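> First the structure, which I've put down as structure tokens, then a few questions once you've had a look.
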Amino acid sequence: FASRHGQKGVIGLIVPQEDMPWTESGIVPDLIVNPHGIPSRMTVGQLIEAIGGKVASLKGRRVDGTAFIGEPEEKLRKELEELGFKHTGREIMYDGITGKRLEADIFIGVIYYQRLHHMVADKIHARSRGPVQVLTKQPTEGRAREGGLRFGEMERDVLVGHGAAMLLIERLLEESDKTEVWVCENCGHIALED
Amino acid sequence: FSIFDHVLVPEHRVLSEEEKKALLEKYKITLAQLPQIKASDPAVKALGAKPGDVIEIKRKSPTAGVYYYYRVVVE
Amino acid sequence: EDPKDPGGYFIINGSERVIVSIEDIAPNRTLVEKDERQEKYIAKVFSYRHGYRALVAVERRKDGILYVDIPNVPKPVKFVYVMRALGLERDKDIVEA
Amino acid sequence: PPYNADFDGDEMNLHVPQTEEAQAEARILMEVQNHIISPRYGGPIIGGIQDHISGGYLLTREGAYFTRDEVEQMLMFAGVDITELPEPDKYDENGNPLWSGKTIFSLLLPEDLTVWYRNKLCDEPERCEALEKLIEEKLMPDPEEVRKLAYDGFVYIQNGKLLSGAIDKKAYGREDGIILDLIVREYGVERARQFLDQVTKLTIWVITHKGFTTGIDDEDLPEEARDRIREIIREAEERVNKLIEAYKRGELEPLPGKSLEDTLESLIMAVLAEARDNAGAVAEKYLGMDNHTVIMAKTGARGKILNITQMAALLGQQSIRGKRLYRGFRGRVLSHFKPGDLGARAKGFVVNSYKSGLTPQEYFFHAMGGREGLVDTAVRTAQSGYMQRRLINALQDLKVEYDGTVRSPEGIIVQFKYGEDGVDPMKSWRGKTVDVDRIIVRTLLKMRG
Amino acid sequence: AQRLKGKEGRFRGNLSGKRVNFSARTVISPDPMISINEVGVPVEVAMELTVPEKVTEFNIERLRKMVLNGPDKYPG
Amino acid sequence: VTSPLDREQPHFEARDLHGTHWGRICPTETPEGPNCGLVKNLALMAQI
Amino acid sequence: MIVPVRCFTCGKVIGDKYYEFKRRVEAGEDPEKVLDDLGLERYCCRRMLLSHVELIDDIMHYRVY
Amino acid sequence: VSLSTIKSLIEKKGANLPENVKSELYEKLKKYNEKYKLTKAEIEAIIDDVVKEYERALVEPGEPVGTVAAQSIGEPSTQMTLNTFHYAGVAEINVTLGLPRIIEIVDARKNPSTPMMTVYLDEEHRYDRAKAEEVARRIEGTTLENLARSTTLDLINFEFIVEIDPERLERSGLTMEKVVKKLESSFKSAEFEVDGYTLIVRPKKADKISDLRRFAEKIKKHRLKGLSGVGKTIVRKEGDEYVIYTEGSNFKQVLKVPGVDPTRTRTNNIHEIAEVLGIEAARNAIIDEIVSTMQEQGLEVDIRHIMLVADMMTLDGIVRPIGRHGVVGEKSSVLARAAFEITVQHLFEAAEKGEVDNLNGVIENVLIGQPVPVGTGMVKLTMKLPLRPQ
Amino acid sequence: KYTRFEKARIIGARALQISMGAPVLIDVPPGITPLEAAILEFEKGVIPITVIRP
Amino acid sequence: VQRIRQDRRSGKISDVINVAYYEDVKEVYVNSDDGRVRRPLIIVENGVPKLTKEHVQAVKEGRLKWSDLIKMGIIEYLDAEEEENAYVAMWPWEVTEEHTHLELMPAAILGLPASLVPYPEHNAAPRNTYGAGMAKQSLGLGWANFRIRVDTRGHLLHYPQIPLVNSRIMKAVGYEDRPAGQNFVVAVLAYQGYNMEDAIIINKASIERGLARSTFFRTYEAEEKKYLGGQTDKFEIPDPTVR
Ligand SMILES: [Mg+2]
Ligand SMILES: [Zn+2]
Ligand SMILES: [Zn+2]
């Protein structure tokens, strides 16, 4: 899920409704986001849109958010106070588990969010044995044809750096390709088995 | 002015036969398996050495106060 | 069809193909740059006729002598020489041109 | 942190070893708790991040107190095998008992740990100096004497009892972790794993049930601060204009080795950087410790002071490749300025903050600034990858022999003692071959006890 | 000459690295309730990947129970 | 609007946002990876 | 594509009130007064009626059998 | 206890410790004993604890330190910047930094992009500002075109004409008659007319239509005074000692200039230190350069990996690059070199020479599919067969 | 005494021996896997494999 | 250049002609070729814009169109060459005698997806770029024709909604008729450890009531090829005999 201010993420947990905290005015959040990404990302526009959405939904008409001529922040803050809420956009909530109000006032608003086409149902992929390519006799490529994941040379260097020789040989021979050949030690050439 | 007074240049000295053989025995190495120093190196000129000789270098590394590095002279 | 569809694309074997716009250098433009590697000054033009492109350049090397580069020419020819090849052989004509 | 992963769409692969020897290698060599200390610099790589540090600060800050139910629930949630609560720290009105955050946090530390240092929250060096003097005069101070001089900027632990200071990125954050670094070395990997799990869960519970948020009013500066910032900006702009006027009549002093134009540019940039720093100086001083954004920034959990001074006070100069913006029309960046204008505003100086909004010219200059960072990362990744591949192919097959020497596969000796002291950087005490001070101090406190 | 050169060539594409069996790939999500040395695995992946195990005198009953569970119950 | 250059090279001069781009090319809508700065989109005021 | 039956957050049924709101707001009556008349106090419900767009009417023209 | 007893105890049972460790332990024990009275048993226990920590901190045999060092250098390289600072600040000279500097050092470029030297004055002129300026004047070098306020290629009479600037004179205490004297000493049959902030040159060949400009530039480019290659110089104070930074580089000549402290002068060109001071000084310079470059970016990297890289590069008595024309190119294994770059050329060259690959490395063994000789791949095991259960 | 490489190698050899049919030298809880059986034998000190060092 | 400008504004010559002069080199450039990128601007004459209030009224009432404004000499297109000689003011209230043109709408310098972000000047540029890029990946009722479309892949959001805070450009461009998202009641709070490092937490009841519920489409294709020599494929139930 991603907002239009560049903030993106994945669903980490699905919470039952009675566990979610509720504002003392009767609002239950549809979504909860971490307050930690906001200062680093420096997306103040999302914080302004949060106020603007609730102001629009409370006054009954949409709010213009044009680039350089949209409704200023100070107008929205005063209008929110006019409607009976606090100008900071902070409301008192009660904890959904212990049933008692949180110590700090919580910023809550309405934000436009978009569902992206990167769904886990299309990304999950696992290969037990699968088929193999004709030439190199190695696992195929891609989810569509039961392919195997690429084990890059950087991974091999990581394995070497850990010193795991037997893990490396296991990953590199049995799982991908291995065979037995006849070698004539007299001349080194590969012998023929009839 | 000699290069040995510079802070970047450690102290070089020539190993005679006895310590050369002892060093070669303690690491179980032939003379060809040592780090090489050119006969055209300024330190080789200043100290005075011939090809096939072994130079002991006392380094002043930060990890260990004194560390001994050995190089074989080659033209 | 959807009335909101803007059009402006092609349908080839049932697939929708759209041609993006390439951003080229303006044709028949004399652009001057510094060849500091060989300490020269170069002017470049891209002459177009019937789609064909020809990169023609005139340069001044360290010697102060002008040389002209022409497509399908192995080494740059003398500027006065190639101008002479186009008639206008009079030296005063060169100086006035 | 070891995986450099964030949950914004990242995908990570999983492999299953198929043979018993491979499983044994993975189990013994590659366990996560084995690699708490990074081999690059001998410091922790696994540690608390973001909410862990923030919750630790909330728990261990001065004035924090908790009730019976909160203490029991948080201890049960953390997984601590406690069966009897300690003595209450203070009694609330109506007779309710209260427990301080220090007492609760002390139940996770090993019973005999002792350490003291200075954290990132140090702001009044006299307070820390007094505590250092008290500890130095006698290596075992009286706890009831330390608690009178307790200050959030100086962490001090006595026999597992946290007596002063507050949790910070220096406590168990990966870069500056000390408690975790001491535990992993003095008690083995398993105790460190247990400690890490318990502290993470405890801090998560604290931050969940205390409430932690940021809002649009976190950058609401008072009017006097805005007036001061505008004064600073106007003074800087006037200085730049005076410099340009002096330059235009040949009265400027040419700085050594530089062209006159370059001297003018360098002086202008110095003035503008000084102006932005001066604005940030008051922007920081007017936002106190009670602001959640300031808490997030000062403790090192997320962000830094530059983000705050950009959001609240001033964006400052925008530049590409270390020089002011010049890639526009002839003699001007945008057609909305007169040609030949060298003023600060006309070359990229943005006087607004993200909160107050950017005028279109400032917005265009900011986009110009951001594009350089985007392309810089894009090219730098490939260049670093190629250089690392060359290094890997160069140094792949070197190893430590049984005699201690590092030898090429052809038998050539590269080093007669690995690292010239023989100490593995991962096992080193932060680069140092051995930490003499820590050993002496811990031995003395052990025996003097 | 083309087969033996490049990132997709033999030496760097099929010798120094290759595609492997018994591997899975999916997105990650946070979970603070598990220990640092543990990873949460989907039940769909767990029933697809297998770990060959030999029958011994100390694990016969568990393997027998799993064989009885078949390839559809989770511990099968 | 797509530049015909090679993506792999740095091309620091070509990927930069020129001052004349005002009102002719969007300053923000650009790809993320190696195509950053080489693929661009016309602004709304643009006319060809 | 059609008006949802209940508000996503609280669950109050607001599926029947969309057409009434649209008609009254078109007639000229103040949208906030219309919403308050309908009994939608919490703004979670008011958002659902204010931001909804009717899109069933322009997809009905294409049929698949 | 007495300090002599402590010193004897440290060398008695802590004899295995590195020298810096034995000295640091003595210093710390001496410092602590006066503040807190230490007993004999406490000293013995402290020494035993230090020895135990050193024993448990040693490297495990079979550790693949090379790959770890390569990764510990490569990984921070994704965090460094490219644009550096590009600021002058009067007292500083612009030089390449960040990732390009590291690439330059590792590749051991023959001539760096921004050569720079740090010149330390001898005890004389070291602390005096004016005397340091005089020494810089001795070091600093210039040509004729720099001194020119303006230049006139007069064509009516075909004479070179130069307009002279007072500031270029006063930068060094140089005066016009000195410039004229060097002009007359370094060339013959040229006018070199002496005029107030003006000089005219008109030999017989330049007097005609063909040989004015070409000889004019040759005259214009001549140096009258100063060390060759040192374009600029800047003086600033570090601590209580003044030092000199220079544009360009000529390490050979600076060590002979009077007033310079030759025991402490450095240059950022590795191939100069190698030729002037030897291979070990080049190794130390490489280590210091890498340490400073990575430190300026705020990144923390342990010195040991840098020591490994430096020792690997400075191994054959020269300063080889890390790459195709260096350490990788010196590898004996054919397959190890082939897998890196230019595979076909290496394969055909090996076919010509009849080279033999002994599969002694890691890459070749991985290619074959047999255990590598690192980590657990070098351990050998034995057991006594008649095992009876208990 | 033991390097972690030696410990890993010894445990890997013991686990493979146990899986191939070698008897366990110590009593183990039922249902355990051969790798855990080898690890148990190890920390209990009953190891019949020794390491060669030059 | 003044003579040509007068004819171009009056209507004597085509509007595609652009003229600029360079004083230093004494050169005059006339451009009439194909492929130049231009922007419209209001002509400012003697410190007074040529656009008047009654012109705006006529445009609003539908009496006067944009092409008429072009032909009336009120608005002209400027390419890069001609803009070198211009001096454009940003806002009507900052126009003076020096200015030669007036900006129509500064907010329109952004691209089409970039116009979606509300209050874009309050975000850092990289974040705006990420948002503009991601705006092209979200689900929604892309086209009303989707049911009979034969695209390889497709999506359909069940309950798309109009953004409550939006730019007036999006209504003009027709985006509001085809929205691609929904309005969420969002609370900024560290609810647990399950939302750290940019993870988000969502309510179960709202999901069960039809929040962000979507449908995925995929089209398969099968040809009954006719080979050389008369052999051909056939649609049928495969008999057990066939290999
Ligand atoms: Mg990510
Ligand atoms: Zn044979
Ligand atoms: Zn509702």
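Residue numbering restarts at 1 for every chain of the structure tokens, chains are lettered A, B, ... in their displayed order, and ligands are numbered from 1 as they appear.
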Excluding same-chain residues fewer than 4 positions from residue 33 of chain A, what lies within 10 Å of it counting only C-alpha atoms, as a list in words?

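Using only C-alpha atoms, the neighbours found are residues 9, 37 and 38 of chain A; 213 of chain D; 186, 187, 188, 189, 190, 191, 194, 195, 196, 198, 199, 200, 201 and 202 of chain J.
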
> Store the residues of this selection in a file with N, CA, C and O atoms, as a compact mmCIF listing (two decimals), in the first residue's frame.


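Final output, saved to selection34.txt:
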```txt
# COMPACT_ATOMS: atom_id res chain seq x y z
N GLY A 9 4.49 0.91 1.86
CA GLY A 9 4.73 -0.14 2.83
C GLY A 9 3.91 -1.37 2.50
O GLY A 9 3.18 -1.41 1.51
N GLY A 37 8.86 7.15 10.35
CA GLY A 37 9.24 7.51 8.99
C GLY A 37 8.97 8.96 8.64
O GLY A 37 9.58 9.48 7.70
N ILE A 38 8.07 9.62 9.38
CA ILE A 38 7.68 10.98 9.03
C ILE A 38 8.85 11.96 9.11
O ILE A 38 9.09 12.68 8.12
N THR D 213 3.46 9.54 19.00
CA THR D 213 2.96 10.04 17.73
C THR D 213 3.63 11.36 17.39
O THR D 213 4.22 12.03 18.25
N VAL J 186 -6.70 7.23 8.99
CA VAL J 186 -5.34 6.85 9.34
C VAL J 186 -4.98 7.50 10.67
O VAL J 186 -5.21 8.69 10.87
N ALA J 187 -4.42 6.70 11.57
CA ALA J 187 -3.88 7.20 12.83
C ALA J 187 -2.38 6.97 12.87
O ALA J 187 -1.90 5.86 12.60
N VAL J 188 -1.64 8.01 13.22
CA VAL J 188 -0.18 7.95 13.31
C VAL J 188 0.15 7.53 14.73
O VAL J 188 0.07 8.33 15.66
N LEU J 189 0.53 6.26 14.90
CA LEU J 189 0.80 5.72 16.22
C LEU J 189 1.63 4.46 16.07
O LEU J 189 1.45 3.69 15.12
N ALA J 190 2.56 4.26 17.00
CA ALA J 190 3.35 3.03 17.05
C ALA J 190 2.55 1.99 17.83
O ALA J 190 2.74 1.77 19.02
N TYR J 191 1.62 1.34 17.11
CA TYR J 191 0.68 0.44 17.77
C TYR J 191 1.40 -0.77 18.37
O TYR J 191 1.05 -1.22 19.46
N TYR J 194 4.76 -4.34 14.87
CA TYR J 194 4.36 -4.86 13.58
C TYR J 194 4.27 -3.78 12.50
O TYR J 194 3.92 -4.09 11.36
N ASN J 195 4.56 -2.52 12.84
CA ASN J 195 4.54 -1.45 11.86
C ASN J 195 5.88 -0.72 11.78
O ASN J 195 5.93 0.37 11.20
N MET J 196 6.95 -1.28 12.33
CA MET J 196 8.24 -0.62 12.24
C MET J 196 8.83 -0.81 10.85
O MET J 196 8.45 -1.73 10.11
N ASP J 198 8.59 1.00 8.07
CA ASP J 198 7.64 1.30 7.00
C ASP J 198 6.58 0.23 6.81
O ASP J 198 6.00 0.13 5.72
N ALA J 199 6.31 -0.58 7.83
CA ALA J 199 5.17 -1.49 7.76
C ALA J 199 3.92 -0.79 8.28
O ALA J 199 3.98 0.16 9.07
N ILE J 200 2.76 -1.25 7.81
CA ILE J 200 1.48 -0.65 8.17
C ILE J 200 0.56 -1.72 8.74
O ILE J 200 0.72 -2.91 8.47
N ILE J 201 -0.40 -1.28 9.54
CA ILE J 201 -1.34 -2.15 10.23
C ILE J 201 -2.76 -1.76 9.83
O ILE J 201 -3.11 -0.57 9.85
N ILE J 202 -3.57 -2.75 9.47
CA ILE J 202 -4.89 -2.52 8.89
C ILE J 202 -5.94 -3.24 9.72
O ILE J 202 -5.64 -4.25 10.38
```

> Counting only C-alpha atoms and all ligand atoms, name the residues that have an atom within 6 Å of an atom of ligand 1; the answer should be given as a VMD selection string.

chain D and resid 5 to 10

> I'd like the contact shell of segment 133-139 of chain H - 7 Å cut-off, only C-alpha atoms, skipping same-chain residues fewer than 4 positions apart - returned as a PyMOL selection string.

chain H and resi 129+172+226-227+233+259

> Which residue is closest to chain I? Choose from D:244, D:36, D:271, D:29 and count only C-alpha atoms.

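Of D:244, D:36, D:271, D:29, the one nearest chain I, counting only C-alpha atoms, is D:29.
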
> Within 7 Å of ligand 2, counting only C-alpha atoms and all ligand atoms, which protein or nucleic acid residues do you find, written as a PyMOL selection string?

chain A and resi 184-189+191

> Between atom CA of residue 329 of chain H and atom CA of residue 390 of chain D, measure the distance and give it in Å to one decimal.

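The value is 11.4 Å.
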